[PDB]
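Residue numbers (the entry's author numbering): 1 to 65. Backbone N, C-alpha and C define an ideal beta-carbon position, used for all residues, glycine too. Just below is one structure, and these are the notes that go with it.
So, in structure tokens, the structure goes:
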């Protein structure tokens, strides 16, 4: 079971991510892993991502693979 980066807090659109708005939890589908948690710091999202939402790389502008 691979853990992904789920939203730990209410992340609004046009806003940067933070350690507080990130956590390691199992979810579906298998998106971004919890290994690049510090690499996806202060990353602006294309849309609004609420709590309990798999963080994908396609949505994260700048983050690829």
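query	result
Rounded Cβ spacing between residue 60 and residue 45 (contact assumed at less than 8 angstroms)	6 angstroms
Boundaries of the beta strand (DSSP E) in which residue 6 is found, first to last residue	4-6
Inter-residue spacing [alpha-carbon to alpha-carbon] between residue 42 and residue 6	15 angstroms
Identity of the residue in 17, 8, 3, 4 nearest residue 62 by Cα	17
Residue 8 to residue 36 span [Cα, whole Å]	15 angstroms
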